[PDB]
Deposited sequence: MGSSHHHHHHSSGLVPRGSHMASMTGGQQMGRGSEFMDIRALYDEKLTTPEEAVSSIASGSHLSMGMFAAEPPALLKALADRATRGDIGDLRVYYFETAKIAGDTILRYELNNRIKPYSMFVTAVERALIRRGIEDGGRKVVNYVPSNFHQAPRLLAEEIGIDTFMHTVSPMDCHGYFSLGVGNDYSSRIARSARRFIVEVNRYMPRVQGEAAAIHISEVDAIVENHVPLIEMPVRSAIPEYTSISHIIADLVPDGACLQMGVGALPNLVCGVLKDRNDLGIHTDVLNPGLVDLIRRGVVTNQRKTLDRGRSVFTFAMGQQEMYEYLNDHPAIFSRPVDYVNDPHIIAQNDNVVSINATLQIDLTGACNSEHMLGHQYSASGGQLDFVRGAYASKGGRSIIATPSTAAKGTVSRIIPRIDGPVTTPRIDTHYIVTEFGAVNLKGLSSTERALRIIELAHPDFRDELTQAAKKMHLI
């Protein structure tokens, strides 16, 4: 029961902490800012020395921290990335693999986000879990801070749990967010700023888009915002609303801003009334600091937060997700997320709306993000799609025929590409 003693017995160095990790094992880690840099550097270095091999890392939503350490292309034969989301980090790796005569260097693991804890703990199994945590408190508890995700489960299902103490990690209240030291296998300390979402200059379509979206947000809305710059910027147009609620997978500066301004009260939610619910956080230092010891912000595991059945129990849910391209059947692609969970959840909510938004064009106006049809697997299938938004308007696709869909979708395209899309639709027998 002496925690100061337990802490010292378990405190060690990053090199020593990762030194026991077996070759041929399964390892996992926290998402994004919760990725532990000192441990990951130490683990990568070990691969470089040739002291570990055939190590599978199972993870979600990469950051530069993993990318510059264990996920560096040079190590791909020893530390094998087994990704479940594809971000920029993997795309670079896939790209390089193709250049090397079609090497498969990233093992995508198809999975629903809301099923992540079960998949990692049971179907796959994780031997070592690593995570950045807030400093131990007077009761011997660490906080997963900006993470709950699948981390709150795997931190316990894993045979070894190694934490990286960082005072820049906010202490965050949440379900299974707190970890007692008795549940920890090793500690290293590393105090550095959390990696930040880059602050991106708004592109001009986002003005039109956001104002379209604002008209689709009813009073007493329960917001979810997806990974992306667009959803974040959209929050800003809701600065004059009141009594909004938050039940989101991603907590971002846009949403946190609405909390700070008291726009969000969570008083009209059915579940978790009074508190804003999130499963992990991406932002900047200003945001990260604000989450510290906040009594009206409450993190919960992904199999709760992203369960479409749970989402739908709040009235007037508004789900706002970005996509890379939409085709004429209304399907959506986000490969050049937990999106589908909230598309489904939002629709089932009493008065709910799933919005998927994108600017209609890319590359200085030269490529269309609205296209005739998508190649292979889609992110949001057409049957599930609800509302889609571009700078040219919004269409509710539920109940529309293949034909009615194609026509309304073409009209959301840039007038340049409309004629050519209409022609494609004819050759495709959608019209």
Checklist entry - What gaps appear when the modelled C-alpha atoms are mapped onto the deposited sequence? => result 1 to 36, 373 to 381
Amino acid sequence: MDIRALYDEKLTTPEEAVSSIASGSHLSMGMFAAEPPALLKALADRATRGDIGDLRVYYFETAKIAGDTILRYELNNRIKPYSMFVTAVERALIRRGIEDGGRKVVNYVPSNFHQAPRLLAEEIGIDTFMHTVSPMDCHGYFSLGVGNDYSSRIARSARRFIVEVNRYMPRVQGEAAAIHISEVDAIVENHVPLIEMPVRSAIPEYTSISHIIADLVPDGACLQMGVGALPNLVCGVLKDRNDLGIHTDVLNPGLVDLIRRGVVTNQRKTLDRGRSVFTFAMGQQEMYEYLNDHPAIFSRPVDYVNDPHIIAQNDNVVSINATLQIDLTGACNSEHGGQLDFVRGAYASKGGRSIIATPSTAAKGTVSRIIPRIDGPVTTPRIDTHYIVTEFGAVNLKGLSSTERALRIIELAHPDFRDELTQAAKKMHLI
From here on, numbers count along this sequence of modelled residues.
Checklist entry - Hey, which bit's got the bigger mean C-alpha B factor in the entry, 310 to 318 or 229 to 237? => result 229 to 237
Item to check | Mean temperature factor over C-alpha atoms, higher-scoring stretch between 414 to 422 and 20 to 28 | outcome: 414 to 422
Next on the checklist: Maximum C-alpha temperature factor per the entry, among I370, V389, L397, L40, belongs to which one?
Outcome noted: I370
Checklist entry - Between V163, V264, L223, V199, which one tops the list for C-alpha B-factor in the PDB entry? => result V199
Checklist outcome for this item: Among the modelled residues of its chain, the C-alpha B-factor of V184 falls in the third labelled middle
Checklist outcome for this item: Sorting the chain's modelled residues by C-alpha B-factor and splitting them into thirds places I213 in the middle
Checklist outcome for this item: Tertile call for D137 (CA temperature factor, within chain, third-based) is the middle
Checklist entry - Is the Cα B-factor recorded for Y168 in the lowest, middle or highest third of its chain? => result middle
Item to check | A33, C-alpha B-factor rank within chain (lowest, middle or highest third) | outcome: lowest
